[PDB]
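**Q** 3D model of this:
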Amino acid sequence: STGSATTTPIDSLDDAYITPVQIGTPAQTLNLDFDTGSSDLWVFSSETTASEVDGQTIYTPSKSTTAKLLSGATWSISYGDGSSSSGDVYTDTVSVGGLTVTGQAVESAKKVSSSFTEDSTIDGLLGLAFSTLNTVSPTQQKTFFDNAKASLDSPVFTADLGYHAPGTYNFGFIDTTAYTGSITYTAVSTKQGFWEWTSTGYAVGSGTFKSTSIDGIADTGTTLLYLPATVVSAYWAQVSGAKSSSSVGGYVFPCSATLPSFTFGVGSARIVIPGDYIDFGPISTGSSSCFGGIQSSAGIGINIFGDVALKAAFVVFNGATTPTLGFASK
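**A** Residues are numbered from 1 along each chain as shown. Below is the structure in question.
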């Protein structure tokens, strides 16, 4: 089997992407944030504290004839941005772009933090990291990908995120029309539960390539590109007037600038992030100070190849017995 679904930016800045997901019988369609940096499928629901729901579409398990309470199961998660959610668990039928899993753990939110409430466009998350990170207790649950894997034509999914435009998540096949040149595969460590790999270096604009190992994670659920302070300083030093602002919480730059591209290495291959991808617009409405899309990972504890990087590539998440990551230009 295979699945194919369109993923759509939630706003004009590509702050996140939502993908429609069918849950239950009859289908309840929710727009979820596909997140290769976490491993829980959780949804706004009929159980969510009413004051914490503001515009989202909710899952009502009592209206699904295939929903079954997973007795005794609870979940609780906190993300790297400080947001959180928690609740109980159902199993139900879940389909993505034509691909169907029965008995998928659907984690029903009883509580969500304010950032989730304030984002009316995201109805929940669908985790695509390794199932070892799943928070369900006392019996850890498998991700959608994990559950589908054996049935897929090939044990892979691919992320093809758009710049200010829709893109695609495919399951079970590689669309050879969706990229240019070749796919370069690189090793993955699953020891932290992430799609963790090592970039071979970087370049700023038309500058020379710096060969240096950068360990980080391929994370569709993170907006920006988070890299070591040395690398990030070298980038923003090429933008007149750019500076790190502790009051804003990162590098800002004059909205009148033309940003340079940023290249990262995948083995001997190179992915180029156009400068426009690195502009996240005014820090506040009407400001001429703009927020940068490349930020320091210092104090995160890990480097993160978020959407800014990933949307510049066609990315293969290869879930073979020995997982690997593949990157192509497009």
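**Q** so what's the spatially most central residue of the chain closest to, chain neighbours aside?
**A** By CA atoms, centre = their mean, the chain has its centre lying nearest to residue 220, at 1.8 Å. Of all residues beyond its chain neighbours, the one nearest residue 220 is residue 36 (4.5 Å), with distances taken as CB to CB, 6 or more residues apart in numbering. All C-beta spots, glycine's among them, are computed from the backbone N, C-alpha and C.
**Q** can you check residue 272 too?
**A** For residue 272, the spatially nearest residue (CB to CB, 6+ apart) is residue 263, at 5.0 Å.
**Q** Pull the number of nearby residues for that neighbour.
**A** Neighbourhood size, residue 263 [other CB atoms under 10 Å]: 19.
**Q** before we move on, what about residue 258?
**A** 9.
**Q** Going along the chain, name the strands of the stretch 201-330 of the chain.
**A** For the stretch 201-330 of the chain, the strands defined by DSSP state E, counting those that start in this stretch occupy 210-218, 225-227, 243-245, 250-254, 262-266, 269-273, 279-282, 289-292, 294-296, 303-305, 314-318, 324-328.
**Q** Export only the CA atoms of the longest helix anywhere in the chain, formatted as PDB.
**A** Longest helix in the chain, counting residues (DSSP state H): helix 229-236. Coordinates of each C-alpha in helix 229-236 appear next as PDB, following Å, rounded to 0.1, in the frame of the first residue of the first chain:
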ATOM      1  CA  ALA A 229      26.600  29.500  17.600                       C
ATOM      2  CA  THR A 230      29.700  29.600  15.500                       C
ATOM      3  CA  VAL A 231      27.900  28.700  12.300                       C
ATOM      4  CA  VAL A 232      25.000  31.100  13.000                       C
ATOM      5  CA  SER A 233      27.400  34.000  13.700                       C
ATOM      6  CA  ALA A 234      29.200  33.400  10.400                       C
ATOM      7  CA  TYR A 235      25.800  33.500   8.600                       C
ATOM      8  CA  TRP A 236      24.400  36.700  10.100                       C
END
